[PDB]
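Colleague: Supplied in structure tokens, the structure appears directly below.
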Amino acid sequence: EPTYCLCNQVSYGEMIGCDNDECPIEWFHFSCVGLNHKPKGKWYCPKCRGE
Amino acid sequence: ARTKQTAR
Ligand SMILES: [Zn+2]
Ligand SMILES: [Zn+2]
């Protein structure tokens, strides 16, 4: 039922959470943010990183 | 980073 990411699709595969506690979206599919493996350290989504 | 696997 719930949707996430910038694509507004249901959760699938590995999801990564924006480290900005105020991020409106928070969770993104690895694929939608160009990831294939969990990155070390803090991670911020494109919008929060200023894309 | 914080990540989680989709679960049914
Ligand atoms: Zn964010
Ligand atoms: Zn997505």
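Labels for the structure tokens follow display order: chains A, B, ..., residues from 1 in each chain, ligands from 1.
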Can you tell me which residues surround residue A:17 at a distance of at most 7 Å, considering only C-alpha atoms, apart from same-chain residues fewer than 4 positions away, and format the answer as a PyMOL selection string?
Modeller: (chain A and resi 26-28) or (chain B and resi 2-3)
Colleague: Next, write the just-selected residues to a file, as an mmCIF file, in the first residue's frame, keeping N, CA and C atoms as the atom set.
Modeller:
```
data_model
loop_
_atom_site.group_PDB
_atom_site.id
_atom_site.type_symbol
_atom_site.label_atom_id
_atom_site.label_comp_id
_atom_site.auth_asym_id
_atom_site.auth_seq_id
_atom_site.Cartn_x
_atom_site.Cartn_y
_atom_site.Cartn_z
ATOM 1 N N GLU A 26 12.267 10.362 2.296
ATOM 2 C CA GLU A 26 13.103 9.493 3.131
ATOM 3 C C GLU A 26 13.651 8.252 2.409
ATOM 4 N N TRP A 27 12.777 7.367 1.928
ATOM 5 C CA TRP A 27 13.237 6.108 1.298
ATOM 6 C C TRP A 27 13.193 6.141 -0.225
ATOM 7 N N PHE A 28 14.279 5.665 -0.824
ATOM 8 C CA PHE A 28 14.420 5.641 -2.272
ATOM 9 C C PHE A 28 14.889 4.250 -2.719
ATOM 10 N N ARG B 2 21.758 4.206 5.820
ATOM 11 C CA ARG B 2 20.653 3.404 6.347
ATOM 12 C C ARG B 2 19.943 2.761 5.155
ATOM 13 N N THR B 3 19.845 1.436 5.164
ATOM 14 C CA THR B 3 19.173 0.719 4.085
ATOM 15 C C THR B 3 18.376 -0.418 4.698
#
```
Colleague: With only C-alpha atoms considered, list every residue of chain A at most 9 Å from chain B, as an NGL selection string.
Modeller: :A and (11-19 or 27 or 38-44)
Colleague: Could you tell me how far atom CA of residue A:1 sits from atom CA of residue A:47, in Å to one decimal place?
Modeller: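 These atoms are spaced 24.3 Å apart.
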Colleague: If you measure from atom CA of residue A:4 to atom CA of residue A:49, what distance in Å do you get, rounded to one decimal?
Modeller: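 Rounded to one decimal, the two atoms are 17.8 Å apart.
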Colleague: Pull the strand (DSSP E or B) assignments for chain B out of DSSP run on the backbone, and list those residues as a PyMOL selection string.
Modeller: chain B and resi 2-5
Colleague: Give the residues close to ligand 2, within 8 Å, counting only C-alpha atoms and all ligand atoms; write them as a list in words.
Modeller: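 Residues satisfying the distance criterion: residues 4, 5, 6, 7, 8, 9, 28, 29, 30, 31, 32 and 33 of chain A.
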Colleague: Please run DSSP on the backbone and report, as a PyMOL selection string, all residues within chain A that come out as helix (DSSP H, G or I).
Modeller: chain A and resi 31-33+46-49
